[PDB]
Every structure is written in C-alpha cells, then in structure tokens.
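The structure under discussion appears below in the form of structure tokens.
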Amino acid sequence: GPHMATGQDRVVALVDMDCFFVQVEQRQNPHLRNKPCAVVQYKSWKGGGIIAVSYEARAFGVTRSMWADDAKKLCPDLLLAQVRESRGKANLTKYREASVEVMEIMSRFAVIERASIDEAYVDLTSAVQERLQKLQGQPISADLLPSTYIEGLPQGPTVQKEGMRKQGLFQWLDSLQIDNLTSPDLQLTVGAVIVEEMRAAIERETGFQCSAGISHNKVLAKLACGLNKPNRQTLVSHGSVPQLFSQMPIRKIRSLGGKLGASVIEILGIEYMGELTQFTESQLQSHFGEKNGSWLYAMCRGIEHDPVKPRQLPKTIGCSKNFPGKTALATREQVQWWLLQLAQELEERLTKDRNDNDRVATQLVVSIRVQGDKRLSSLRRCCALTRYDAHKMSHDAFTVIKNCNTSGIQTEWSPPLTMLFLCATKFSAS
DNA sequence: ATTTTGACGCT
DNA sequence: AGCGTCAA
Ligand SMILES: Nc1ncnc2c1ncn2[C@H]1C[C@H](O)[C@@H](COP(=O)(O)OP(=O)(O)OP(=O)(O)O)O1
Ligand SMILES: [Ca+2]
C-alpha cells in the first residue's frame, strides 16, 4: 500500500540509432538513400558478411549475419557498402566518429551513458522537473509529440498506422493530470517532449534518424524503444506494465536473452515476463541467486534501479581479427605480423584518444582462440601498457602468449590461432 | 567462415 | 587475475 515502492522516481530514456552503419554510409553516398542496402565486412568469402541492413532491405528478409551472396538471393537489387579495410583488417573508425557526433549532441540535453556505438541512456529527471516548472501548469499539446507512441493505447470504446498513433496519444493527453508536478505520468510525458527535441536536434545536425524509449528505468526504456522502430519513440508508463508484460516473452527483456532467461523459462515453467509476479522474492533468489532473484522480483513489476552512469566515452579500446578455417595462423612469424597490424591500429586509436580525452591506458589485455576450442576466448593475459608504441605492444603481447605454442619447432605455431585480440584498458587521467 | 566490437559479473 | 555472459 502506502509503503510499496512503484519505481516511478526517475525519467529515463534509451536512444537507439536506426540501422546505424547503413545511415552513416547513406549520408556519405546519396545513391544509397531510400534503397534496400546493407553494410558488409570483407568481400571475398560469399560476398562478405552483412553487419547492418536498411529497413527497405529488411522487407525482403535480409538480416545481419547473412552472407551478401545469400542476401542477394532474397534481394537481387540489394546495394552494398563495405567497411573500410586498413592494415589487413576491417576498420570501424568512420562509425566510431559518427557515434561521437550523436553522443555529443545528446550530451547537451542531459547526462548520458554510452551503452554501445549507437545507443545511449539519458537520465531526464532533472530536465523534466525544470521544464515542468517552466510550463507552469500549461497543458501539453499533441503537436509537441509528433512521433510518440503511448504503449497500451488506444483502448476501449481509423485503420491507419498514424491514425492509431494519434488516437492513442489523444487518449493519453486527455487523461493527463497537468495540475500535479509530481505525477509520474506527467513526468514521462514531459520527458517524451524533451526526447522529441533531442531526436530533432540529432537529425538536424547529423542527418541521422533514431528511435527512443521513455520510461522510469533503463530496462523499460530499452524495451519501449524497440516497440515502434524506425524513426519513432514510445512511452511505456508504469500502468502499462501489467498488460505489456502479460504476453512479453522473457527473452525480450535486457539481460534475459541468454542462458539466464532460458533457465527462468525452464525452471519455472513460464513463458512471459508477467508470470514472474507469481513467485516470492525468496523463491526467485533460491533459483537464480540473491542478486538476480531480487532483480527479477522487482523487474517483473516494472521496477529497476540500475542508474544511468555518467560515462560518455568507452572504457576500453580494442582491436581483434579472426582467422577462420584454413587461414588459422600456424607459423610464429605470421602470428607476429598480425599482432603488429592489430597493435598499429590500436596505437593510432590510443594516440587520438589521449589527445581528445586527456587520458592514458595503462593495461594491455591480449586474448587468443586456439583452433578447436569452441569458447570465444581460449586464453587471456595482461601486461603493462607503458608506451603508445605499436612495436612494443606487439612484442609484449607475443611475450605473454608465446608459451601457449605446443609445437617443438618454434618456427611453427600449434595449435593454430583462430583469433587475436588486443585491448587497452584501465585508463588514468593524463 | 559472421566479424569486430564493449560492459560487467563471478570466483 | 582470468574466465564467462550478454549485448551492439
Ligand atoms: N553482431 C554485430 N557485429 C558487428 N557489428 C554489429 C553487430 N551488431 C550490430 N552491429 C553494428 C552495426 C549496426 O549498425 C550498429 C548498431 O547495431 P544495432 O542497434 O543492433 O542495429 P542497427 O542500428 O543496425 O538497426 P536497428 O535499427 O534495428 O537498431 O552496430
Ligand atoms: Ca540501432
């Protein structure tokens, strides 16, 4: 009752760029705009592996992970843009720089947590309070929410997409209580107004479109964001949670898309997030551990307490290359050459990072996969990163991994290496 | 033969 | 530390 927390204390948004790498390439090359297209890495093997797909191409069934030759079977007119290759490997610099463009715009509005290259969480609580004081009881017009969906609406007593959106927005605003500056629903609505403004600024200043979710915590904001892509935003209110969760597969909730979510389904014999409400906190803790159990107990009721972390820059800078099938590195000299290529890219990015962000990495992490091991990483070792020097970093990585080689003749490498990974970590101010 | 990335938890 | 999970 009067002491039961409802997790309505914050306004949190999750901005997710639409088909991001595709949009970067379409901005650069207008011939690709409004076409079925995709972004591919490499080209020799089966036309290259697709890593991003425009919505026009998705309509044909083109997906990520697909080989371009196979995506051409579904979409013969598919256009392609290739990731730049440098030093013998794919180089993602263009997309990292476009990400900085968007993150810097978002940072003008609020503190952001960079979740990935094209996703950021925004804590809008303070900005919403300020805007509510400015509005000073004035109602919120539907014109201020031109691309917003209210999840769950319309309901109760037009066959067009936009018609449904406006019809739902009207019901929401009609019911909204603008008197109460502390009303969580009003706070979310003002949050959505601010996110419309943020998304307009991103599109104006970069050309890039995005989707967004607005709710009371990060998990609901992420879920909301995915409900109406592309180029739309969705408000998930606390009151919308029971219906929304009643048919929501557990795997759709962030962190439950893998083994833990599978175990929740198998152990409890349920399918949907809402069914979790029927277990006590101690029951969930008994099956999934103290932390996961408490998290699930609150999350299935719409309550998540994870903060939006004040962090705009990545905490690590890494470079990796796979060596699949017969191309696995089987000689020592070969291993050293690829470590040098990786270390040269890493040096370049680290030097730029140091100049831009006033920080220095202090640890180098070296990871490898051996041919036959199914695990993503077979071995991980660290050494000091004391100089931004590609020859030194590559020599040091070799030093830390050279004893993994079983071959009695050093010139040969066995078992063959199927992946090399260098990552700079543990930044200190400089 | 998806590849190339980040962030965070466990012991 | 080194390994594993989950996600762009
Ligand atoms: N598995 C992957 N491997 C390599 N790059 C990836 C992978 N997944 C995503 N990316 C890249 C390319 C994407 O443009 C970018 C953002 O990813 P993601 O948000 O999942 O999809 P997306 O932005 O392309 O489409 P959407 O509109 O559905 O968000 O990160
Ligand atoms: Ca995206």
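Here is how names work: the chains are called A, B, and so on, in the same order as the sequence lines, proteins then strands, and each is numbered from 1. Excluded from the calculations below are hydrogen atoms, water molecules and symmetry mates; all remaining heavy atoms, backbone and side chain alike, are included.
We find that CG of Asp118(A) is positioned 13 Å from P of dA7(B), with the value rounded to whole Å. Summarising the geometry, the separation between CD1 on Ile253(A) and P on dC6(C) is reported as 15 Å, rounded to the nearest angstrom. Rounded to whole Å, atom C1' of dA1(B) lies 15 Å from atom NZ of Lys43(A). Between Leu376(A) atom CG and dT5(B) atom P there is a gap of 14 Å when expressed in whole angstrom units. Per the geometry, CG belonging to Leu342(A) stands 12 Å off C1' belonging to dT5(B), to the nearest Å. Rounded to whole Å, atom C1' of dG9(B) lies 13 Å from atom CZ of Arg380(A). Atom CZ in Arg369(A) sits about 14 Å away from atom P in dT5(B), given to the nearest Å. For the pair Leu92(A) CG and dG6(B) P, the computed distance is 8 Å after rounding to whole Å.
In this structure, of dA8(C), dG9(B), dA1(B), it is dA8(C) that holds the atom nearest to the side chain of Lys222(A). Side chain of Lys259(A), nearest nucleotide from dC3(C), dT5(C), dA7(B): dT5(C). Of all nucleotides listed (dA7(C), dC6(C), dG2(C)), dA7(C) comes nearest to the side chain of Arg254(A). In the set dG2(C), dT3(B), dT5(B), the nucleotide with an atom closest to the side chain of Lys89(A) is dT5(B). Proximity note for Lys291(A) (side chain, C-beta onward) versus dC3(C), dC10(B), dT4(B): the nearest is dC10(B). Nearest nucleotide to the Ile51(A) side chain, out of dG2(C), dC6(C), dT2(B): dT2(B).
Taking 4.0 angstrom as the limit, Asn322(A) places a side-chain polar atom (N or O) nearer than this to OP1 or OP2 of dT4(B). Look at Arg114(A) and you won't find any side-chain N or O under 4.0 angstrom from OP1 or OP2 of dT5(B). Between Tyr95(A) and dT5(B) there is no side-chain polar atom (N or O) within less than 4.0 angstrom of OP1 or OP2. For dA7(B), one of the phosphate oxygens OP1 or OP2 lies less than 4.0 angstrom from a side-chain nitrogen or oxygen of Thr316(A). Contact annotation: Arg96(A) side-chain N/O to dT5(B) OP1/OP2 distance is under 4.0 Å.
Within 4.0 Å of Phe20(A), counting heavy atoms only, lies no atom of the nucleic acid at all. Counting any heavy atom pair closer than 4.0 Å across all strands shown, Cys319(A) reaches sugar-phosphate atoms only and no base atom. Nucleic acid contact class of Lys309(A) (heavy atoms, under 4.0 Å, all strands): sugar-phosphate only. Among the protein residues, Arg375(A) comes within range of the sugar-phosphate backbone only, with heavy atoms under 4.0 Å from sugar or phosphate atoms but none that close to a base. Within the 4.0 angstrom heavy-atom criterion, base atoms lie near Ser65(A). At the heavy-atom level, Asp16(A) lies nowhere under 4.0 Å from the strands shown. Residue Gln41(A) is classed as a base contact, given a heavy-atom separation below 4.0 Å to a base. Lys46(A) comes within contact range of no nucleotide atom at all, as no heavy-atom separation falls under 4.0 Å.
Side chains of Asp18(A) and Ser211(A): a donor-acceptor N/O pair is present below 3.5 angstrom, by distance only. Remark: the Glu281(A) side chain and the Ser294(A) side chain contain an N/O donor-acceptor pair separated by less than 3.5 Å. No side-chain donor-acceptor contact under 3.5 Å links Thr425(A) and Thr316(A).
The two atoms that bring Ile214(A) and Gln233(A) nearest to each other are CD1-NE2, 3.8 Å, heavy atoms only.
A residue-by-residue look at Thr327(A) and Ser320(A) shows that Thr327(A) has its nearest nucleotide of DNA chain B further toward the 5' end. The 5' end of DNA chain B is approached more closely, in terms of each residue's nearest nucleotide, by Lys326(A) than by the other of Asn292(A) and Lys326(A).
Remark: aromatic rings of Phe208(A) and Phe20(A) are close, center separation under 6.0 Å.
Classified by interplanar angle (parallel below 30°, tilted 30° to 60°, perpendicular above 60°), the ring pair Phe21(A)/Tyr95(A) is parallel.
Side chains of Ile150(A) and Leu145(A) form no contact here, defined as non-hydrogen atoms less than 4.5 Å apart.
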